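In: Pasting an experimental structure, sequence included:
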Amino acid sequence: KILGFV
Amino acid sequence: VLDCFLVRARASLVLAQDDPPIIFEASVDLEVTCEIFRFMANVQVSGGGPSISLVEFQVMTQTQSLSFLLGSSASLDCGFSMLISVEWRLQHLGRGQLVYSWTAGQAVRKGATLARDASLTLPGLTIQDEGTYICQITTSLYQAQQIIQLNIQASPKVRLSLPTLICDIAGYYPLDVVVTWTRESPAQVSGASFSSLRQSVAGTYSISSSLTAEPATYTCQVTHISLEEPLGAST
Amino acid sequence: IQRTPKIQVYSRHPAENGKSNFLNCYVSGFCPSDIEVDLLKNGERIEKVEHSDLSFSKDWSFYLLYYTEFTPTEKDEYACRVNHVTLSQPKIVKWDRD
Amino acid sequence: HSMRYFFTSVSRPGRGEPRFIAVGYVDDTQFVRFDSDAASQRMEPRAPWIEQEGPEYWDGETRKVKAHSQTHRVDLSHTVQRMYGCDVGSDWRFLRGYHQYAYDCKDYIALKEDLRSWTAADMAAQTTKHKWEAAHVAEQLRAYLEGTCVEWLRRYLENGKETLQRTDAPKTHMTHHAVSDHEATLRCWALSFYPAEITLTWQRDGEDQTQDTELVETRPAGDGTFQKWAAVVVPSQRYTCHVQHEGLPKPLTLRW
């Protein structure tokens, strides 16, 4: 899954 | 007085002033470019260019780019004045490798040899040693670095041979080889088609330019970044 | 920095006279991603050509695989024209069976 | 085993909107993709082993890609590239984790082999490093790469076990070509194998012959498998090509 947080 | 851009205004460095001669320079050269950051300033002449941290610490190199043939020993230069450690790393094609380290030496590549001096030596250069060398220097209050780009070069070996003409331009590096075909008055010939790119185990590239032969002499004139003059072959 | 494409023209299987196959033009290593790739049948562009969309290598390079169904004829030959920015002249890479 | 996610913004003057294209890879094979120029501004499956995920997966994934488009160059035909991912061995335990950037395909700021520090390969990129190591981006990324990247890679490996662990053996040939009267080239082929990792080494009389051996990098085939060959130049003489692949019980030795 994509990293999510910034 | 060096013109500089501060990160996003324009300013100058002697306006901010702090006396250098407390901490010695390796040399002074006074088109150049400069950038200050929050303080550390990078000085970048077309030749050598230091990295200066406010003065309290500076890192010096006499050349930011070095073109060296394979096999030759590279005395990559880096120097500083004011220490915890000195590390030399290699970044190329997304891969970050360690090359050398010093604390209290550990040559990751077997031959690595290192107003203080950090001029690291790379004997027996190979293609895998090409890339951006970062002469990182660590210090109780600073961790300034210096960038040296080591463009490893390998001259080709053109073997014009054979109704199709083939010149095997093998062993060249880096990739951008331009092959010009001349026929004899030596007029250039269009219509030459390259072959699939090949590699040796050492990392040097092999390619062949194919041109149809018609009746008559020919010349596979190969130019490359590693050549002062474009070499070639004729049959 | 701009990097010259590494272009390979080959087949899915070893070429057999008349046997169906796919002509792969694995154009890799190039940068920037703006690239023009054509699969050439006897010097002219093939119309029905598929291609995997822009693929991203670790080396910070891009690679593309243009493929098309073909039957390898002995009297006819294939190639792959590439027109990247580093190519002052468009590079046509021959397809030898090997 | 490795899962990588790539994010690139190819800048465009006049067009105004940089082209943001996002891809995800597992074992070099693509499985998700997003493209700003696509007809629908949503990320799609490009592998059959991930279409099984529920609608909450896609909408959950699609919103995260939109956020990354806005912050692609937050702290950095200009091309800005991003990469992150993790490597895994047959134990299914963490090997190595990456998080890298490039400015026009030149290394800009890359995460070290130890997932703790950054290697600024450009002098313009050292403020980026000073910013991140002060923001502790490494620690927050270490949790994802060591924790989250591997876990979904394990799930993807379970979901696509018919695909990712296919471990096809190389369909191998030996091709001999006479380049000249006094010498010839021996080419040993590795066809239709998977994974892409293969070793083809030449030996003369049982000792390595690296100095006179050429080869070509592994070629993706249209099937989904890979190809490779390595060739040596012989002065005629018997040489052996050693083929070493995961799909082989024993390394092969070839002779003309």
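Out: In hand now; what should we look at? Residues are numbered from 1 along each chain as shown, chains lettered A, B, ... in the order given.

In: and residue 38, how many neighbours?
Out: This is for chain B. Using other CB atoms under 10 Å in any protein chain shown, residue B:38 has 9 other residues around it. (Each C-beta comes from the backbone N, C-alpha and C, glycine too.)

In: Please refer instead to chain D.
Out: By other CB under 10 Å, the residues close to residue D:38 number 13.

In: now do the one 3 residues further on
Out: Residue D:41 is surrounded by 13 other residues when neighbours are defined as other CB under 10 Å.

In: sec struct for whatever residue of chain D ends up closest to chain A, please.
Out: Closest to chain A within chain D is residue D:64: 4.1 Å, counting by CB to the nearest CB. Here residue D:64 is recorded as helix under DSSP: H, G, I helix; E, B strand; the rest coil.

In: Report the separation between residue D:133 and chain B.
Out: 9 Å (CB to the nearest CB, to the nearest Å).

In: ok, now how distant is that residue from residue B:179?
Out: 47 Å (CB to CB, to the nearest Å).

In: Would you mind naming what in chain D lies close to chain A?
Out: D:5, D:60-61, D:64-65, D:67-68, D:71, D:74, D:84, D:140-141, D:144, D:148, D:152 (CB under 8 Å from any CB of the partner chain).

In: just to revisit the earlier point, excluding chain neighbours, what is closest to the residue of chain D closest to chain A?
Out: residue A:2 (4.1 Å; CB to CB, 6 or more residues apart in numbering or on different chains).

In: show me what contacts that neighbour?
Out: By CB atoms under 8 Å, 6 or more residues apart in numbering or on different chains, the residues touching residue A:2 are D:5, D:61, D:64-65, D:68.

In: repeat for residue D:167
Out: D:194-195, D:246-247.

In: Mind doing that once more with 6 Å?
Out: By CB atoms under 6 Å, 6 or more residues apart in numbering or on different chains, the contact list for residue D:167 reads D:246-247.

In: ok so it is a strand residue?
Out: No: per three-state DSSP, residue D:167 lies outside any strand segment and is coil.

In: related to what we said a few turns ago, spell out the secondary structure type for the residue nearest to residue D:64.
Out: coil.

In: and the gap between the residue in chain B that chain A sits nearest to and residue D:81?
Out: Minimum separation of chain B from chain A (CB to the nearest CB) falls at residue B:94, amounting to 18.1 Å. Counting by CB to CB, the gap from residue B:94 to residue D:81 is 9 Å.

In: tell me, what's touching these two both at once?
Out: Taking CB under 6 Å, 6+ apart as the contact rule, residue B:94 and residue D:81 both touch residue C:60.

In: More neighbours: which of those two?
Out: Neighbour totals were compared for residue B:94 and residue D:81, and residue D:81 leads with 27 against 20 (other CB under 10 Å).

In: tell me which element the more buried one is part of?
Out: When elements are assigned from DSSP states H and E, residue D:81 belongs to strand D:79-88.

In: Enumerate every residue touching residue B:68.
Out: By CB under 6 Å, 6+ apart, the residues touching residue B:68 are B:74, B:125.

In: which SS state does it fall under?
Out: Following three-state DSSP, we place residue B:68 in the strand state.

In: So what sits opposite it in the bridge?
Out: Going by DSSP bridges, residue B:68 is paired in beta bridges with residue B:152.

In: ok, now residue D:24?
Out: Beta-bridge pairing for residue D:24 (DSSP bridges): residue D:5, residue D:32.
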